[PDB]
Amino acid sequence: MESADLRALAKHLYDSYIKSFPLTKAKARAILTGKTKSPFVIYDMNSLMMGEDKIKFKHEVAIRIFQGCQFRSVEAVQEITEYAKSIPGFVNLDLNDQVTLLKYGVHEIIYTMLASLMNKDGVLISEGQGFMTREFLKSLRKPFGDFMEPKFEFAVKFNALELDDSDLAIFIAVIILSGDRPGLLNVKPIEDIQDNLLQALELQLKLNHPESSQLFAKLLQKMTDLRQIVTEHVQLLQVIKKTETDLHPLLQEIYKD
Amino acid sequence: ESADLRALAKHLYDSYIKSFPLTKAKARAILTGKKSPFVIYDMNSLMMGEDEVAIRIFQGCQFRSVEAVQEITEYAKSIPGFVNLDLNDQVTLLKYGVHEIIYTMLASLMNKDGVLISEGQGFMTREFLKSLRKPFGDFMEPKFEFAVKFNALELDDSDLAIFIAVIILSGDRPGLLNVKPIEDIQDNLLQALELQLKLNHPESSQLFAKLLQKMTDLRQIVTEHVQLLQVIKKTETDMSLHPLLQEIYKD
Ligand SMILES: O=C(O)c1ccc(-c2nn(C(=O)c3c(Cl)cccc3C(F)(F)F)c3ccccc23)cc1
Ligand SMILES: O=C(O)c1ccc(-c2nn(C(=O)c3c(Cl)cccc3C(F)(F)F)c3ccccc23)cc1
């Protein structure tokens, strides 16, 4: 509720974000824009085969990539969970609620941060050692030629706000501490925390992007688009489960819906 | 420009009063007993009130909704700058906007136990609405759940007038030809809305943020309604009547 308290809250979260997420947006942009480090580019199947001898990927093609993308998701859930521990008040909440906040929250956060790794033309993979193009992913077979595209569409819009990491660290906390999750036992203390985080985000954006009229409101409006991407991904995953499939214990739990 | 924001705000509340016959203030007075409405809680109650059922109620809610679209279209005329936008862009904004607004404004007629109907001359219970045939009676409850959360923000008409304008001027609707002027207008509205909530609810921390957060839930509920409406079109044949009427009320 005090300006210096809010700046303090912001530094705390930026700190834990740096410590919890190995690839920041600043590091990714440096790789993406050529600033002094350059990735191997995957645009076709021969490039894909060429990639393994260069990067440590692959841990039928469209399947190896989907499963590889899912294995990457398990890491993302782990990093997000670590970051969330350090949000003031989160570990004090009721255990069930802590679990529920993570249940719905991780996917919206993965896609928020996946935007840090993308441009119009493709996405960084394997901790920035590779770069897979959108048209290659778009051209994958069966239902897999479509799981990545709506992420690209969001990112292009999302990256237009030019947020930096110190902006994102607070935004991510706001996503987790949302009292509208299905099944929360005690909404009042969850919401109380978000008043603090929203207050910090409001000031952080005013200071960091003072020329950006209504960035705060515009950034919150983006939570609408995040929700829509998660709906589609959960549905496309119930289709794979019945066709081939054959899901990490972490992924098994987040997929109860 | 604080005076500009208070000026913009009083303008819309003025126009909103003139465009929408049943305000939230007026509806809340009727809900609380502060002329009592006819209450529909069962099937015999329905037959007596006017002077297959689940379809008659759905069709009745749509005919009512189409009346509100004309009222919303008129209110949008009064948003400063809106009539100067490209006509194509105006149609597109209303096309995608009306649903979110109809749901926003439906919450003013709603409480835990039911909803005002026919300009406040009736009251339909939620316990009646919850229990309808499998396809129907399931498009309703998510509205009630939304409203209760929404009505907990305790907004009044002068808040909603600006909130409604904000929905209308969303520069992300598919097919917009010229987004800059739409967004420039929406900046003014958000500034005006922000000021409105601080003055009106000086004790309500971060209400502005909380209200914008609700637009996430509005989009999700409209999506679901758009989905259930693709199901009735292919499954329910009795929803035919005059071909002209299907033409009038399809939207
Ligand atoms: O080193 C590896 O084995 C490997 C390492 C990474 C990938 C891979 N990750 N990914 C992502 O989308 C991703 C990223 Cl890049 C970072 C964090 C979270 C994600 C998440 F959304 F999947 F959860 C992809 C998309 C498309 C194609 C390949 C990949 C694949 C393989
Ligand atoms: O003012 C009125 O007479 C009135 C006005 C609205 C309702 C009402 N409509 N509704 C719908 O789901 C609905 C339907 Cl079913 C068809 C088309 C459009 C809608 C819409 F309003 F949501 F947009 C509801 C659900 C739950 C509770 C009350 C209602 C009822 C009465």
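In what follows, every chain begins at residue 1, and chains take the letters A, B, ... in the order their sequences are listed.
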**Report entry** Spatial distance of atom OG1 (A/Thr224) from atom CG (B/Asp172) [nearest 0.5 Å]
**Finding:** 8.0 Å
Requested in this report: Run the numbers on A/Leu198 and B/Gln213 for side chain to side chain contact (heavy atoms under 4.5 Å, CB included), then give the verdict.
Outcome: CA-CA 11 Å; A/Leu198 285 159; B/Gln213 267 189 10; 4.1 Å; yes
Query raised in the report: Between B/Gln186 and A/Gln214, does a side chain to side chain contact (heavy atoms under 4.5 Å, CB included) hold up when you go through it step by step?
Result: CA-CA 10 Å; B/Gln186 201 190 51; A/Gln214 225 84 18; over 6 Å; no
Query raised in the report: Would A/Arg227 and B/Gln220 count as a side chain to side chain contact (heavy atoms under 4.5 Å, CB included) if you check the C-alpha gap in whole Å, the side-chain angles of each, and the deciding distance to 0.1 Å?
Result: CA-CA 8 Å; A/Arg227 196 78 57 98; B/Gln220 258 168 270; 2.5 Å; yes
